[PDB]
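Chain naming follows the written order as A, B, C, D and E, and within any one chain the residues start at number 1.
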Amino acid sequence: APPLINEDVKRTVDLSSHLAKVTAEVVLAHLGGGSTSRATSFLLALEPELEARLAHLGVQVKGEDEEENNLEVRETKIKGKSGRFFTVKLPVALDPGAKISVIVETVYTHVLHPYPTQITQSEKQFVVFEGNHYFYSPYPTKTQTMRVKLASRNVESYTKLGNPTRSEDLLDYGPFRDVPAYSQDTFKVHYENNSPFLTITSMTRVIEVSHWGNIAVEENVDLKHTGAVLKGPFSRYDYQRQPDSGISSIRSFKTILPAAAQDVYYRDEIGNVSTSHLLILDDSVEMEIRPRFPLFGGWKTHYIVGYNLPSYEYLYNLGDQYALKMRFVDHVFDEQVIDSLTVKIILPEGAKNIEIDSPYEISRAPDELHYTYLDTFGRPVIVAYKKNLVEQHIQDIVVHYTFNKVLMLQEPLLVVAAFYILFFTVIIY
Amino acid sequence: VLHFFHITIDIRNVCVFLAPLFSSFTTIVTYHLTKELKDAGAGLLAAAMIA
Amino acid sequence: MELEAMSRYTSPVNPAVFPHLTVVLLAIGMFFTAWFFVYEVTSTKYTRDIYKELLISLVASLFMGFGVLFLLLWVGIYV
Amino acid sequence: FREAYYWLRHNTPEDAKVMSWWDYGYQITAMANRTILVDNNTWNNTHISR
Amino acid sequence: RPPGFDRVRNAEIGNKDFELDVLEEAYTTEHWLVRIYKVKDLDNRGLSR
C-alpha cells in the first residue's frame, strides 16, 4: 500500500455546549515514490475511548465547491488493528509527491460529565472534558496545533503539557512535532459550563399522507434534563425574585417548524398546554414551547406536537406513480440529541410497490397494517428505527408507490350503503 | 361498537360527550309520558321545557 | 422518476369548494328522508307501493351519504 | 392544578405516598398516578379523622 | 397593601417569619395555588428535631 503522511494538522475543539465538535484540517501528502501506486483513498481512525460516542462523521475537501466536495465515507475494518476505521474515496487519485487538504468533522455525545455531580440552586454548573492532545491517525504527523474553545473563561483546571497559552476562554497547544502514528495523550480540562443540558431520550415521528390534499405529522417527544442533579429544596420565591437563581435551569426552547405547517397544536397526556407562543415567519413557522414546569437536573417531561401540511408542497405524481419527499426529522432545537428515533409513514390503503430511498443507513422493520376511519383493506405502514441521531442528520427522504384512482371512489360507496340499509330495515319491519 | 366499525375514537371523547346525547333521549321520553297523562299537545310543551 | 422530472398532485376538489358542497348535499338528503318517513307513517296496508318507497329511499341515501364525506373533510378528519 | 399533578407524575418515586384532604383524592390518583391516603368516597370516617 | 397581606381573607398575616423543622419545600406553582412539601427523615445523629 502507498505510504501516506499527515504533513500538517490543525485541530479545533469546541466545548461551548453539551456536544463536542471536532474539526481537523489535514494536508495529506504522498510519501511514496513513483514505484508505489497512486493512492485513491486514505484511512481514518477512531480512538477507542471516543469511538462509542461518535454521533456523526463528515469529510469534505477544502474547496469553494463545498456542496460537491463532500466525500463518500464507508465504515471499514483494517485487519490486526483495534478500533473503528473509515475509508474515504478521494475525488481524484493522489499521485506520488502530491498533497491535498481535507476537512474532517466529528461530533461526540455525552463526553461532558458534570463535576460535582450535585449542585444547589445558587451553585453554578461545572463539567469535565477528556480528549486527546494528538491527532490519532495511522500515519505520522509532521506538526500539529490545537485550539480549544471553552464555554466560559472560568476554567478550574487543565493539563499544561506543552506549556499551552491561555487567553480569555481559549486555549492554545503545540506546535507538536514528529508525532508517531497512533499516539495518545489524555487531555483533561475542568471548567464552568452553563449551557442547556437537554437530552431527548426518545422521539416517535408519525407521518400520515392522505389523498385529499393533506399530510398530518405528529411527534411524541420525551425530554430529560441531563445536567448536574439539583440538591436541596426548590424555592419558588427565590426563583422568581432573583435572576441568578437556578441559572443552569432551562425555561424554554424554540422549534423551527415547516413553513407550510397549519393547525399547530401543543398538548400533553393530561390535556392541552396554553403556554406556547407561535410566530409565523416567511421562511418557517417559529414555535416557542415552554414546559409546564422549569426543568432542573434530573427532571423530565413529556409533550406531543402536531401539524398539517398541504399535499402539493411535498407530494409528486406521474400518473399511477406517486413519490413523496419529506424531511426525515423536525428541527426540534439547536444541538438536539436523540437517543432513539422511530419514523412511521402511513400510506393510503391500496398502495402497491412501496419503495424507500433512505438518505443514509436506517433499520427498517416489517411493514404493519393499520385500520383507521373508513379502512377495510388497511393502510400500509412503513417502520424504521435509528439511534444516536444529531442535528446533522436532518436530511431528505423519498418514498415511491403506485395508486389507482378508482380506490378513492370506493370510500363514498361504503358510507352510502350503511344509510341505505337502515331505510330497507324500516320497510321490512 | 364504534371501534368494531373501524371508527377509532378516544375513550376520553366518549365519556365527555356521553352526557349531551342522553339529554336528547330524555326529551323523547318526556313527550310520550306527558301524552299518556293528557294529550299530545301537552307532550310537545313538556319536551321544549325539559330541553 | 424523480420529483423534479415528474409532476405534482392535488385533490381535484379544491378546499374552498367543500363548504358549499356539504350544505347542498345534506339539504337534498334531508328533504327526501323526511318525505320517506311521513309517507310510511301516513300510508296504510292498501295505500303503500313498494316501488315508490324504494325510489325515495335510494335517492335520499345517495345524496346524504356523499354530503357526509364532505362534512368530514370540512371538519378536518381526513379519511 | 394540572401542573402540580404532572410534576408529581414524573419527578417523584413511583412508590411515594401523598397526603392531602379528601376533596382531592380522585384528582390526584387519576392524573398524578401516585398513592393517596384519603378519597372522596369517605368509606372510613376514622381514617379521615386521623 | 403592605407585604405579607392575604388577599382572599383581606387581612395581613400575624406571623411572618418562621422555619419548618420537619418539612422542606419541594415544589410550588407559579401562582402558589398548589404547594408541595416533603417529609424530612429522622435525624442521623439521633438529636431531637
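In this section, a contact is a pair of C-beta atoms (placed from the backbone, for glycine too) under 8 Å apart; a residue touches a chain by one contact, two chains touch by 3 or more.
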item: Between A-E and A-C, the pair with more C-beta contacts; value: A-C
item: Per-chain Cα centre nearest the global Cα centre, belonging to chain; value: A
item: Centre distance in Å when subunit A and subunit E are each reduced to the mean of their C-alpha atoms; value: 44
item: CA centroid of subunit D to CA centroid of subunit E, Å; value: 20
item: Separation of subunit A from subunit B, taking each centre as the mean of its C-alpha atoms, in whole Å; value: 54
item: Computed distance of Cα centres, subunit E from subunit C, in Å; value: 64
item: Sequence positions of subunit D contacting 2 or more other chains; value: 3, 7, 11
item: Contacts with two or more other chains, residues of subunit C listed in rising order; value: none
item: Per-residue overlap in subunit A, given as positions that touch at least 2 other chains; value: 293, 373-374
item: List of subunit C residues in touch with subunit A within their complex; value: 1-3, 5-11, 15, 36, 40, 50, 53-54, 57-58, 60-62, 64-66, 68-69, 72-73, 76-79
item: Residues of subunit A defined as touching subunit C within the complex; value: 210-214, 216, 263, 308, 311-312, 315-318, 321-323, 325, 373-374, 398, 400, 411-412, 415-416, 419-420, 423-424, 426-427
item: Interface residues, subunit B side, partner subunit A - complex; value: 6-8
item: Subunit D to subunit E touching residues, read off their complex; value: 1, 3-4, 7-8, 11
item: Complex contacts: residues of subunit A adjacent to subunit D; value: 268, 270-271, 292-293, 299-302
